[PDB]
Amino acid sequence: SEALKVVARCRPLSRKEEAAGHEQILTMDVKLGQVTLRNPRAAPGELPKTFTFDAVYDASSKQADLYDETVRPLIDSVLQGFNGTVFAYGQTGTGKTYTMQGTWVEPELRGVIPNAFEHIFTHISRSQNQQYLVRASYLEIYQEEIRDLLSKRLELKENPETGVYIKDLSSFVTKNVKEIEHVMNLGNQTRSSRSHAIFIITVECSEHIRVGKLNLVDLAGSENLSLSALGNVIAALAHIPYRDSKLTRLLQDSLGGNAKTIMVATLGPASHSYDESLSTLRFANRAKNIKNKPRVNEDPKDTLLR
């Protein structure tokens, strides 16, 4: 058993936003993992609300910090045959994509996905007397239709032993960071604030075989039936209605199941979005009272897939 780990990230205030006359209202205390929100429409005597998380990251926080401190251990577990999930929840414009992919490709500015690639293949090539098979899949849920970004409309099936899976989901084998970076490139080329993006990395490992799955999820902006389903599942967990959306059926394991999960609550510092921030913080605050039970995974001799 283990708690869902929630962390907060806040992007900088923009010139554009200050030009419009918007005050900053989000403050963080990085030592204490805390977020504080001023209500710009607050009565005299009212105290800001403070939320506490496992870690917080503010405007001056760098991409490597967030990776090495919060996410790197999740990916080391995946390398040892655990299932892991990272997902970014937040208002459009607050940095879900910046966090997950990066907007820039340079090593210092990459997001969690391209760093996970670096991490994974460095480990592999440091490894000895051990064969790893890495496969990557890249899909999108839009209007509760699963689309395959690397092909199409795909269907969801729930078999007894194996579990919940997707029919005909393409899944490319990747020897390199170069090769797995090409897959993500072609996926992005096929693709945004209304859709959910899921990047899946599997690592079969033989020394005698383990398998770890990693879901790297960039959700639709919290402003959409799937965000509502996720809203209700979290609330029940913290009868869970997983079947109310394609998204919550897929993340079934990451939310009260067989996986290590990290939520990245992404926030904007500005006064025009007090209510959207509040909603995110409250949601991130429920999420941290969710308990998963991650196990290490066996893998059959026969894992032949196309």
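All residue numbers refer to positions in the sequence shown, first residue = 1.
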{"item": "Deposited residues omitted from coordinates between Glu158 and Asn159, as a class", "value": "none"}
{"item": "Where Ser151 meets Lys152 in the shown sequence, the number of deposited residues left unmodelled", "value": "4 to 9"}
{"item": "Residue range whose averaged C-alpha B-factor is higher in the record, 160-168 or 209-217", "value": "160-168"}
{"item": "Top Cα B factor in the deposited entry, candidates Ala238, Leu47, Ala270, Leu278", "value": "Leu47"}
{"item": "Residue with highest C-alpha B-factor in the PDB entry, from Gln131, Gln91, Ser228, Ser193", "value": "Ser193"}
{"item": "B-factor third for the C-alpha atom of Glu108 within its chain", "value": "middle"}
{"item": "Chain-relative CA temperature factor third for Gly102", "value": "middle"}
{"item": "Chain-relative CA temperature factor third for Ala19", "value": "highest"}
{"item": "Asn289, C-alpha B-factor rank within chain (lowest, middle or highest third)", "value": "highest"}
{"item": "Relative C-alpha B-factor of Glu181, binned into the chain's lowest, middle or highest third", "value": "lowest"}
